[PDB]
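Numbering (the entry's author numbering), first residue to last: 1 to 210, 212 to 362. Built from N, CA and C at the ideal position, the CB exists for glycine as well.
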Amino acid sequence: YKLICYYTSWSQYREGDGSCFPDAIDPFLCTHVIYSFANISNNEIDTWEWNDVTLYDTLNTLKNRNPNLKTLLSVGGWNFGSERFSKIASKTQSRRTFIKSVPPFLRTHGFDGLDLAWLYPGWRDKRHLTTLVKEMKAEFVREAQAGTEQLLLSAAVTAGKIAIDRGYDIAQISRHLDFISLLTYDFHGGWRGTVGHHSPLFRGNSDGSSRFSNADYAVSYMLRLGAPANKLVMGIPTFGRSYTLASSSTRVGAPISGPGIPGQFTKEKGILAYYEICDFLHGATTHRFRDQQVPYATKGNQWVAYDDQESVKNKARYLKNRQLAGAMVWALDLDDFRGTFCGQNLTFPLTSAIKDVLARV
Ligand SMILES: *[C@@H]1O[C@H](CO)[C@@H](O[C@@H]2O[C@H](CO)[C@@H](O[C@H]3O[C@H](CO[C@@H]4O[C@H](CO)[C@@H](O[C@@H]5O[C@H](CO)[C@@H](O)[C@H](O)[C@@H]5O)[C@H](O)[C@@H]4O)[C@@H](O)[C@H](O[C@H]4O[C@H](CO)[C@@H](O)[C@H](O)[C@@H]4O)[C@@H]3O)[C@H](O)[C@H]2NC(C)=O)[C@H](O)[C@H]1NC(C)=O
Numbered sequence: 001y002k003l004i005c006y007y008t009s010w011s012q013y014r015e016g017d018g019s020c021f022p023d024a025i026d027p028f029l030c031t032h033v034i035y036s037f038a039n040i041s042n043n044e045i046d047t048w049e050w051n052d053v054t055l056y057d058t059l060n061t062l063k064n065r066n067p068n069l070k071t072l073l074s075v076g077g078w079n080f081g082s083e084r085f086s087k088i089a090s091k092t093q094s095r096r097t098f099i100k101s102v103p104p105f106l107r108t109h110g111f112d113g114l115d116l117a118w119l120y121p122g123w124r125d126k127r128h129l130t131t132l133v134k135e136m137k138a139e140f141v142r143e144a145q146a147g148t149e150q151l152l153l154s155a156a157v158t159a160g161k162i163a164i165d166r167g168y169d170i171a172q173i174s175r176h177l178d179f180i181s182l183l184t185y186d187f188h189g190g191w192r193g194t195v196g197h198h199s200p201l202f203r204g205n206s207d208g209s210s212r213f214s215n216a217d218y219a220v221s222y223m224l225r226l227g228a229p230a231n232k233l234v235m236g237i238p239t240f241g242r243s244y245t246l247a248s249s250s251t252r253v254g255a256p257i258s259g260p261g262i263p264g265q266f267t268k269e270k271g272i273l274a275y276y277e278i279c280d281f282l283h284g285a286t287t288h289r290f291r292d293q294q295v296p297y298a299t300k301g302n303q304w305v306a307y308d309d310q311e312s313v314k315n316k317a318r319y320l321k322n323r324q325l326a327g328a329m330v331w332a333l334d335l336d337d338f339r340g341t342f343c344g345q346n347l348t349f350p351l352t353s354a355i356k357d358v359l360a361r362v
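Here it is, written out as structure tokens:
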């Protein structure tokens, strides 16, 4: 099985114990580690952070201890303008300059491949995405004639039916990609005025109006569109989403006024790291959506949807039962990476739980 784990460059700036450098990563935990995110300047791949050159180097020394570990560099992301990707991909001269700049950059800094995180192509972009993937893969194939191990190409793909239909020719891009990570953890957010879970495994016979907003539907739909099971990797989150309750109601369908309050270390409205949730749970009431098979917790006017060891092991069993290529984790720096917040002296408890399931029959 593959275990694909993202590390995010901005996690280095978090204070005290929340600070996470590539250094903290156990080299034997994941099969592939992806560094997020690279920039595009002058139509060429480039660094984002001031000290990226150093961090690349720290990440790639993990390979001195585990020579089988693979590392990828992810380009794009949320803070990258979708329109900036659109402009690059739709003009042949810009697209060509970009593609040619990638292999030398990856080689200089020690990466084994490139992850595309264009979030998200519009209906006008779908054709250009296909072209970008095709031509990117062709160039990696050509570069490997120089006797080096061929660069890997992956893509992060949204799990909502409408985003898929609008932006992605799954049947075509599947043939050129080494793996596709399905982002099965954005099924709810502050954008609706109610409480709900962003990563449910199943629909659960109760659910109103969205048979499609669950991991099971997204996986079955990708399989139907022509993504081969052995290229499909199911995304499992290591963070939670928080909401401020608008009333004293805390069950399904409850009102909300907005995001939850920022966490001590992540400092971002609406999300919490798992190591912050471990702390939040002291004094919280815990519940579990039995149909959806995911927990949530509530304390005061704060309502948190999250994943724990049981829910993550369940998702891992599901994906094995479906014979998928593996699991993808967003993100190593949001799991309890020091191992000192969540009880047990177990570093990476969520990621480890996934690995345990994937390593059994
Ligand atoms: C990821 O990469 C991206 C892509 O490169 C990085 O984003 C860019 O990087 C640089 C530097 O930070 C900037 O590049 C040049 O910017 C200037 C361009 O000028 C413009 O400013 C005006 C604001 O008034 C703005 O508005 C319009 O244009 C005209 C203005 O007359 C106006 O009539 C219109 O109505 C518009 O309002 C316009 O959009 C431009 O942004 C240059 O001045 C910069 O410095 C050089 O400039 C001169 C030569 O051109 C020299 O005199 C100077 O000495 C110097 O050499 C610079 O070259 C970009 O702004 C920026 N672009 C994008 C796409 O965002 C990004 O930083 C990176 N991310 C990270 C984390 O690194």
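Cα separation between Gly113 and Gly16?
-> Here the alpha carbons of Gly16 and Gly113 stand approximately 32 angstroms from one another.
Simplified DSSP state of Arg127, which is helix, strand or coil = Helix at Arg127.
Does the Cβ of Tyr13 have 16 or more other Cβ atoms within 10 Å, making it buried, or fewer, making it exposed?
-> By the neighbour-count definition (other C-beta atoms within 10 Å, threshold 16), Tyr13 is an exposed residue.
Using DSSP with H/G/I as helix, E/B as strand and the rest coil, what is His288?
-> DSSP places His288 in strand when its eight states are reduced to three.
Are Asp337 and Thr8 closer than 8 angstroms when you measure CB to CB?
-> Remark: C-beta atoms of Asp337 and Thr8 do not approach each other more closely than 8 angstroms.
Start-to-end residues for the alpha helix (DSSP H) that takes in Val358 | Taken as a continuous stretch (DSSP letters only), the alpha helix (DSSP H) holding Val358 covers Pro350 to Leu359.
Is the CB-CB distance between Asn64 and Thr71 below 8 angstroms?
-> Not in contact: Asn64 and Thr71 (Cβ atoms no closer than 8 angstroms).
Would you list the one or two residues that DSSP bridges to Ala38?
-> Residue pairing for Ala38: DSSP places it in a beta bridge opposite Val75.
Quick one: complete beta strand (DSSP E) runs, 3+ long, within the segment 97-128?
-> Whole beta strand (DSSP E) segments, 3+ residues: 113-117.
Write down every uninterrupted run of the alpha helix (DSSP H) in the segment 137-199 whose length is 4 residues or greater and which is fully enclosed by it, in chain order.
-> If only complete runs of 4 or more residues are kept, the segment 137-199 shows the alpha helix (DSSP H) at 161-167 and 170-173, in order along the chain.
Consider the C-beta atom of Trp48 and the heavy atoms of ligand 1; say whether any pair is separated by less than 7 angstroms.
-> Within 7 angstroms of the C-beta of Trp48 there is at least one heavy atom belonging to ligand 1.
List the DSSP bridge partners of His283.
-> Per DSSP, none; premise fails for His283.
DSSP three-state assignment for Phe202, whether helix, strand or coil = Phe202: coil per DSSP, three-state reduction.
How is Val133 classed by DSSP in three states: helix, strand or coil?
-> In the structure shown, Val133 falls within a helical segment according to DSSP collapsed to helix, strand and coil.
Apart from the five residues on each side of it in sequence, which residues of its chain come closer than 7 angstroms, Cβ to Cβ, to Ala274?
-> Hits under 7 angstroms: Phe240, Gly264, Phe266, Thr267 and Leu335.
Distance cut-off 7 angstroms: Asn39 Cβ against heavy atoms of ligand 1 = The closest heavy atom of ligand 1 lies less than 7 angstroms from the beta carbon of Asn39.
Neighbourhood of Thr352 by C-beta, 8 angstroms cutoff - its chain only, sequence neighbours within 5 removed | The residues are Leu3, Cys5, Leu29, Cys30, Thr239, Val330, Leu333 and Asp336.
Rounded to the nearest angstrom, how far is the Cβ of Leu129 from that of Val157, given a contact under 8 angstroms?
-> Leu129 to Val157, Cβ: 10 angstroms. No contact.
Taking three-plus beta-carbon pairs below 8 angstroms as touching, is the segment 221-232 in contact with the segment 274-286?
-> Cβ pair count under 8 angstroms is below three, so no.
Find the nearest neighbour of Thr92 within the set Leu62, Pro260, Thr131 and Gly344, judged by alpha-carbon distance.
-> A check of alpha carbon separations from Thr92 across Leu62, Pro260, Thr131 and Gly344 identifies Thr131 as the nearest.
Go through its chain and collect everything with a Cβ distance to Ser19's Cβ below 7 angstroms, but skip five positions before and after it.
-> Hits under 7 angstroms: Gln12.
Can you list, in chain order, the residues of its chain whose CB lies under 8 angstroms from that of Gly208, leaving out five sequence neighbours each side?
-> The answer, listed in chain order, is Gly254.
The segment 161-176 contacting the segment 192-209, beta-carbon criterion three pairs below 8 angstroms | Between the segment 161-176 and the segment 192-209 there are fewer than three C-beta pairs closer than 8 angstroms, too few to call the two in contact.
From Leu152 to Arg252, what distance separates their C-alpha atoms?
-> The alpha-carbon atoms of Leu152 and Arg252 are separated by roughly 44 angstroms.
According to the neighbour-count rule (16 or more other Cβ atoms, all chains shown, within 10 Å of its Cβ), is residue 408 buried or exposed?
-> This structure gives no information on residue 408, because the portion of the chain shown stretches from 1 to 362.
Note down the Cα distance separating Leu177 from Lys321, rounded to an integer number of angstroms.
-> One C-alpha to the other measures close to 21 angstroms.
Residues sharing a beta bridge with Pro256, DSSP = When DSSP reads this structure, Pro256 sits in a beta bridge with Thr194.
State the Cα-Cα distance for the pair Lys126 and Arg212, rounded to the nearest angstrom.
-> C-alpha of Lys126 to C-alpha of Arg212: approximately 25 angstroms in a straight line.
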